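Shown below is the structure under consideration.
Ideal geometry is used to build each Cβ from the backbone, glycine not excepted, and the neighbour counts take in all protein chains shown. Please treat every number below as a calculation from the coordinates, not as lab data.
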Amino acid sequence: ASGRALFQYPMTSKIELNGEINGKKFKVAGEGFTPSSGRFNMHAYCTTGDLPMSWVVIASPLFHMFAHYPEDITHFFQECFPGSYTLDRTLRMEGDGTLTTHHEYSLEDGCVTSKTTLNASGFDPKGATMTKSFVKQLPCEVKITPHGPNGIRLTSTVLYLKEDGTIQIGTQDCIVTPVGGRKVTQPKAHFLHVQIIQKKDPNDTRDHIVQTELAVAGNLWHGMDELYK
Ligand SMILES: [Cl-]
Ligand SMILES: [Cl-]
């Protein structure tokens with residue numbers, strides 16, 4: 001049993017995330033549900049006190065293996081199992097700061113655990129990330145291409161909405177590397193539509209978020225694949 005046969009729904013998730021931003025160290029944990037292909041939630045909480053940054057900016061750090069793929073695009077993230085992959089991200093909040101994250105994953109008993117680290121240095125202390133002035137990030141199209149002999153790369157430019165109704169841009173790039181000691185067949189160039197919605201739990205006493213992601217792959221520009229050898 002490998003690849004897509006390992007991703008029979010429903011499934012669940014866990015996260016452990018160790019972070020630091022501008023010298024403030026913090027931890028997040030969470031549990032989540034994946035009811036069906038491409039719809040996945042995560043109820044996360046800060047275990048060290050209040051989260052020292054926007055929940056909206058930490059959203060993308062908070063599981064591409066749950067994306068919904070049609071049959072005729074390789075689901076690279078799922079095809080990495082067994083063996084797993086790492087994800088290394090850079091998120092440049094333009095005029096504000098840059099963060100990186102590193103993610104390792106394991107699958108057991110229908111549950112994907114993410115163990116993530118986040119490092120962020122040089123953020124503007126009065127910017128929207130540190131003062132928590134963001135409301136949401138708008139849905140994006142993530143460009144996915146083959147990268148090196150055995151990886152993929154993901155890129156997006158994301159609009160973050162502030163409380164005053166104006167926008168800040170994040171520029172984001174990820175590299176996915178199989179760690180399972182084997183070759184995984186790369187997909188053709190394609191795109192992932194990503195929508196992230198956040199709400200609070202009516203009762204939870206912790207600093208937390210209840211997040212849902214919809215992620216759907218599609219060959220949005222058929223000609224793109226020609227450009228990536
Ligand atoms: Cl927030
Ligand atoms: Cl493909």
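With Cβ to Cβ distances under 13 Å as the rule, what net charge do the other residues near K14 carry (K, R +1; D, E -1)?
Values: positive: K115; negative: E16, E31, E104, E108, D109.
Neighbourhood net charge equals -4.
Now for a different question. Grab the other residues whose beta carbon is less than 15 angstrom from that of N41, score K and R as +1, D and E as -1, and report the net.
Values: positive: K14, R39, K199, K200; negative: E31, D201, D204, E213.
Net of charged neighbours comes to 0.
A 22 angstrom limit on the alpha carbon distance is what I want to check against. Which of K143/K188; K24/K126; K115/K162; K136/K199; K14/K199; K143/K229 exceed it? Show your work: numbers first, answer last.
Working: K143/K188 11 Å; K24/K126 15 Å; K115/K162 29 Å; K136/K199 10 Å; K14/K199 18 Å; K143/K229 15 Å.
The pairs that break the limit, which is 22 Å between Cα atoms, are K115/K162.
Could you line up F77, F33, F7, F66 from fewest to most neighbouring Cβ atoms inside 10 Å? Please report the intermediate quantities before stating the final value.
Working: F77 27, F33 15, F7 20, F66 23.
Neighbour counts put them in this order, fewest first: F33, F7, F66, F77.
Compute the distance in nm between two label points, each set 7 Å from the Cα along the Cα-to-Cβ direction, one at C111 and one at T171.
Here the modelled spin labels are 4.0 nm apart.
Separate question: Give me the distance in nm between label points sitting 7 Å out from Cα along the Cα-to-Cβ direction at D204 and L159, one decimal.
A separation of 2.8 nm, rounded to one decimal place.
Could you work out [θ]222 nm for the chain from helices alone, using -39500 (n - 2.57) per DSSP H run of at least four and dividing by all its residues? Round to the nearest 500 deg cm²/dmol.
Values: 2 runs with 8 residues, N = 229.
Computed mean residue ellipticity for the chain: -500 deg cm²/dmol.
Scan around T47 for amide H atoms under 5 Å from its own, H built in the peptide plane at 1.01 Å from N, and keep only partners 5 or more places away or cross-chain.
Residues meeting the criterion, in which the H sits 1.01 Å from N, are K27, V28, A29.
Treat every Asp and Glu Cβ in the chain as -1 and every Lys and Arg Cβ as +1, leave all other atoms uncharged, and give the resulting dipole magnitude about the Cα centre to the nearest 20 debye.
Values: 22 positive and 24 negative charges, 40 e Å.
I would put it at about 200 debye.
Quick check: residue separation of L138 and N150 times 0.36 nm, minus the Cα distance between them. What number comes out in nm? Please report the intermediate quantities before stating the final value.
Numbers: separation 12, 0.36 × 12 = 4.32 nm, distance 3.09 nm.
Contour length minus Cα-Cα distance gives 1.2 nm.
Further, regarding this structure: Using a simple spin-label model with points 7 Å from Cα along the Cα→Cβ vector, what separation in nm is obtained for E94 and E71?
The answer from the label model is 4.1 nm.
Expressed in whole Å with the largest first, what are the equivalent ellipsoid semi-axes of the chain derived from the C-alpha gyration tensor as the square root of 5 times each eigenvalue?
Working: eigenvalues 156, 84, 54 Å².
Output for the chain: semi-axes of 28, 21, 16 Å.
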